[PDB]
Amino acid sequence: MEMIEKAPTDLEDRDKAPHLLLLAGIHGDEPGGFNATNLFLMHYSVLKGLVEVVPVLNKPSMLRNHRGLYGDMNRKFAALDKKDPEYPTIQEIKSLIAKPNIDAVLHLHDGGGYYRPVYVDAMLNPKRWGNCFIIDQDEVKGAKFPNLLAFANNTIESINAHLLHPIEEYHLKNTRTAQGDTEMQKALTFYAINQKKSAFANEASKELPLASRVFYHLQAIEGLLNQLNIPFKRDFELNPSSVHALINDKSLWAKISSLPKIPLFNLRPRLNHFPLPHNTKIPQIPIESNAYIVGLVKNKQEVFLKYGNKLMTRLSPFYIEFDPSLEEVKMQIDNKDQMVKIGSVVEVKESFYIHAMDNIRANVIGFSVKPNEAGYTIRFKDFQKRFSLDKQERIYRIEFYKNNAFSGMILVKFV
Ligand SMILES: N[C@H](CCC[C@H](N)C(=O)O)C(=O)O
Ligand SMILES: [Zn+2]
Ligand SMILES: [Zn+2]
Ligand SMILES: [Zn+2]
Ligand SMILES: [Zn+2]
């Protein structure tokens with residue numbers, strides 16, 4: 001996991017309001033939480049103070065849509081064997097929580113049903129955790145903001161001013177953890193209370209569609225930020241339609257290794273003969289995105305590209321040495337010569353032509369005449385469209401080889 005800071009543009013403004021640590025994704029099958037932290041990171045600005053964000057605590061489990069591959073990570077904050085696979089991660093998390101710079105902690109979850117204080121039915125009862133705002137105790141002496149109960153009551157009131165359906169009404173849950181809630185005594189927020197941080201958990205119901213879960217998580221975040229007097233902005237209107245559009249953001253991309261950025265959405269469901277660097281374990285292959293919850297994971301003979309719990313495409317890998325010597329290629333684009341950098345996307349209105357290179361072979365994927373296809377003037381009508389990266393059939397791979405090594409890729413997009 002990674003921690004990402006959301007700070008004011010002026011460094012000196014960091015100490016002028018409180019500091020929140022915002023965490024989600026300790027359970028890998030709770031996408032409301034880690035899509036909310038993602039959207040917070042992408043679309044909000046913190047104007048004074050600081051919000052530190054760990055958008056997904058348990059990324060290996062998120063990648064396999066799993067509650068916890070190594071067990072429940074949210075029961076590992078008390079006793080823990082040093083040989084537990086997550087022991088180092090727990091120590092990193094405790095370190096972040098217990099830093100003197102942190103004042104408050106907000107931990108996001110998705111939970112089944114809808115909590116009610118007395119039993120109604122199977123979906124609505126006190127054993128359920130959905131749509132409630134949780135504290136371990138009413139007060140934490142020594143904290144900058146000791147009145148957890150007041151903060152919670154006000155945060156709940158804020159959320160409840162924006163209910164989508166009345167059944168979704170938020171309720172307070174005080175677990176009184178120090179008084180023998182054996183389970184909660186091993187969880188993250190109790191650890192935070194014991195470091196004299198004001199700590200809260202927000203749980204959105206799993207009965208809700210993802211965009212509604214994320215809506216309630218953002219409402220909780222905004223409610224707590226208002227209580228803390230951490231000033232913020234966001235670049236969208238907070239409603240489920242907007243949230244849906246921002247999760248399904250067609251501007252999202254992924255850059256795998258030194259390859260060109262590819263769009264996250266509307267990829268073909270399988271990409272064949274996809275070059276990946278050899279002798280590299282999948283978790284160590286670099287992958288960048290403008291989102292914060294994107295990754296690669298092995299599944300049988302494929303490598304999945306994941307956006308949270310969403311499967312964006314199935315890579316059928318071609319493991320090969322990535323020779324980094326080739327920096328750029330001379331291409332004619334729409335009659336005009338230019339030096340195109342390896343790893344870029346070039347837009348094409350009409351045509352292109354790759355100038356031949358002594359020791360480099362070009363394969364235009366979807367075009368045919370160990371193919372060498374430099375020296376051909378290529379138009380959209382020359383492509384077999386099923387080789388496109390995208391469902392829209394506009395984006396094609398050009399792969400370069402200095403045999404038997406991969407020298408890089410350029411994408412052409414027909415516009
Ligand atoms: N349903 C959650 C409750 C966690 C509440 C609080 N102790 C926290 O850590 O977030 C769980 O069983 O993990
Ligand atoms: Zn935005
Ligand atoms: Zn959870
Ligand atoms: Zn409001
Ligand atoms: Zn040149």
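What you see below is based on every heavy atom in this structure, not just the backbone, and it leaves out hydrogens, waters and symmetry mates. Order of appearance sets the numbers: ligands from 1, and atoms from 1 within every ligand. Numbering starts at 1 and runs along the sequence shown.
Those atoms of ligand 1 with a heavy atom of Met184 less than 4.0 angstrom away are 4 (C), 5 (C), 7 (N), 12 (O). Residue contact check: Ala201 has heavy atoms under 4.0 Å from atoms 5 (C), 6 (C), 8 (C), 10 (O) of ligand 1. Under a 4.0 Å criterion applied to the non-hydrogen atoms of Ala187, ligand 1 contributes the atoms 7 (N), 9 (O). Against a heavy-atom cut-off of under 4.0 Å, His107 is close to the following atoms of ligand 1: 8 (C), 9 (O), 10 (O).
Ring centroid separation for the pair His217 and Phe215 does not come in under the 6.0 Å cut-off.
Proximity of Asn74 to ligand 1, defined as any heavy-atom pair under 4.0 Å, is confined to the side chain (atoms from C-beta onward).
The shortest contact between atom 2 (C) of ligand 1 and any protein heavy atom is with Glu203 OE1, 3.4 Å. Scanning all protein heavy atoms for the shortest distance to atom 10 (O) of ligand 1 gives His109 NE2, 2.8 Å. In this structure, atom 6 (C) of ligand 1 lies nearest to the protein heavy atom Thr189 OG1, 3.2 Å.
At a 3.5 angstrom cut-off on N or O pairs, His27 does not count as close to ligand 1. The shortest N/O to N/O separation between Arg75 and ligand 1 falls below 3.5 Å. Not a single N or O atom of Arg67, backbone or side chain, sits closer than 3.5 Å to an N or O atom of ligand 1.
Judged by the 6.0 Å distance and 45° axis criteria, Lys76 is not positioned over the aromatic ring of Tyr191.
Around the Zn ion (ligand 3), the protein contributes the following N, O or S atoms under 2.8 Å, ordered by chain and number: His27 ND1, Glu30 OE1, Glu30 OE2, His109 ND1.
No more than 12 heavy-atom neighbours from other residues, nucleotides or ligands sit within 6.0 angstrom of CD on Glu288.
By the 4.0 Å heavy-atom criterion, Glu183 is excluded from the residues contacting ligand 1.
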Intermediate values then yes/no, ring-ring contact (aromatic ring centres under 6.0 Å, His included), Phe406 and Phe318 | CA-CA 10 Å; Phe406 175 74; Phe318 173 43; 8.1 Å; no
Might you work through the ring-ring contact (aromatic ring centres under 6.0 Å, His included) test for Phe200 and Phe133, ending with a clear yes or no?
-> CA-CA 7 Å; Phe200 309 87; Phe133 196 78; 5.6 Å; yes
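Separation of atoms NE2 (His109) and CG (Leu188) is listed at 7.5 Å; rounding is to 0.5 Å. Considering CG of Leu411 and CD1 of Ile395, their distance stands at 7.0 Å, rounded to 0.5 Å.
In this model, a donor atom of one side chain and an acceptor atom of the other lie less than 3.5 Å apart for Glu222 and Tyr44. Inspection of the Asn266 and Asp390 side chains reveals no N or O donor paired with an N or O acceptor under 3.5 Å.
Considering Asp29, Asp110, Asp72 as possible partners of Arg67, the one that fulfils the salt bridge (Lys or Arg N to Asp or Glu O under 4.0 Å) test is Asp72.
The minimum heavy-atom distance between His107 and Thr189, with the atom names listed, is CB-CG2, 4.1 Å.
Note on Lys99 versus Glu52: no salt bridge recorded, every NZ/NE/NH1/NH2 to OD/OE distance being 4.0 Å or above.
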